[PDB]
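Q: The following block contains the structure, expressed as structure tokens.
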Amino acid sequence: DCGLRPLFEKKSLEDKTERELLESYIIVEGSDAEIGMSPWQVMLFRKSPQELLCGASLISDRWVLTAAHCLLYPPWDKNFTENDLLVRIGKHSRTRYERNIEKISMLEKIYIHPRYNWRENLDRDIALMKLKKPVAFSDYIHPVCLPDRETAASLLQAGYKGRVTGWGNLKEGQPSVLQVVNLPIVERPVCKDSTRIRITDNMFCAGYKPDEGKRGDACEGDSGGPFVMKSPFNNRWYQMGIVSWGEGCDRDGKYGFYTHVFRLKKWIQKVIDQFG
Amino acid sequence: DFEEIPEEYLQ
Ligand SMILES: Cc1ncn(CC(=O)NC(C)(C)C)c1CNC(=O)Cn1c(C)ccc(NS(=O)(=O)Cc2ccccc2)c1=O
């Protein structure tokens, strides 16, 4: 049932900008999200103090995917464990407790990729979280699909647009509600030539060229969230990337970097089937 | 500026 939104595809209603995405298949500078627009969006919430850590995504009723740098990053003495956080699913408002709408879960176990490279370039920036008990889906809570080799092959092409969402900074003020922005995937050469960081094949970058006019990007707070695309073949939403890192936010000549989900799917599978 | 949440979850 993944990738089919209760308030949209299931009623045959298009969201206000999904057409832009489809037309390309030849958060800074984003807008307010519509209700039910991204039912897989998850908020990672620290208990003490009560604060927004990162974004994340629901891939099933018991599993959540996020960026490993959200939990572990020795350079900033960050090493959050199970009992330190909460998962908040079904949200629209950043700060309010959306009674009867959102659901709050506790974690049973966190799984960080054994070869996550925090010492250098955030290579393999991915982590899985096992919720103590399954959440029930609803109009505002529904899982996103993980890509297959074929979908990845045909959609992850330079020029094609994807969508990023999150409650992170609006400038390099935090938003009232969930923000959304549609960005084009950028040519690997161009991604490589914009930074001094060593870019691996487990990553891709997105954003507008300084001459293209339009702009937009992800920023602090947004890390761990999903970069999704809508398949023109089966009309489902698939999560192609995990918001990872950037040098500043929305800077000209710079781009956002995302964890390549398909490239790491075999690890995801391995952990999921071995640990339920 | 985060609103308090049910203590049941905090435990
Ligand atoms: C999703 C997103 N989009 C842009 N940003 C960066 C951001 O928010 N920068 C500030 C807070 C200054 C506005 C973000 C957040 N992501 C992070 O922080 C992750 N993150 C981390 C953990 C370290 C260094 C990073 N940027 S950097 O050292 O240049 C280059 C870099 C990249 C990887 C390893 C080491 C250094 C970075 O972005």
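Residue numbering in chain A adheres to Swiss-Prot, whereby the residues present occupy positions 335-360, 364-509, 518-621 in order.
Per the header: X-ray crystallography, 1.8 Å.
Using the three backbone atoms N, Cα and C, a Cβ is placed for every residue, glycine included.
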Q: For the disulfide involving A:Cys550, grab the partner from A:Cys536, A:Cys564 as Swiss-Prot records it.
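A: In Swiss-Prot, A:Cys550 forms its recorded disulfide with A:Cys536.
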Q: Based on Cα coordinates, which of the following recorded positions are within 10 Å of A:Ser568 (active site, charge relay system): A:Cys391, A:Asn416, A:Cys594?
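A: Checking each Cα against A:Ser568 (active site, charge relay system), the hits are A:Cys391.
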Q: Quick one: give me the count of other CB atoms within 10 A of the CB of A:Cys391 (disulfide bond).
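A: Step by step: centre on the Cβ of A:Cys391 (disulfide bond), count other Cβ atoms within 10 Å, giving 26.
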Q: Taking Cα atoms as reference points, rank the disulfide-bonded residues A:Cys391, A:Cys407, A:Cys550, A:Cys564, A:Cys594 by distance from A:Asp462 (active site, charge relay system) and give the first.
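A: Spatially nearest to A:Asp462 (active site, charge relay system) by Cα position is A:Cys407.
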Q: Cβ under 6 Å from an atom of ligand 1: which of these recorded positions qualify? The list is A:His406, A:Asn416, A:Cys564, A:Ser568, A:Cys594.
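A: With ligand 1 as the reference and 6 Å as the Cβ limit, the list reads A:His406, A:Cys564, A:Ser568, A:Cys594.
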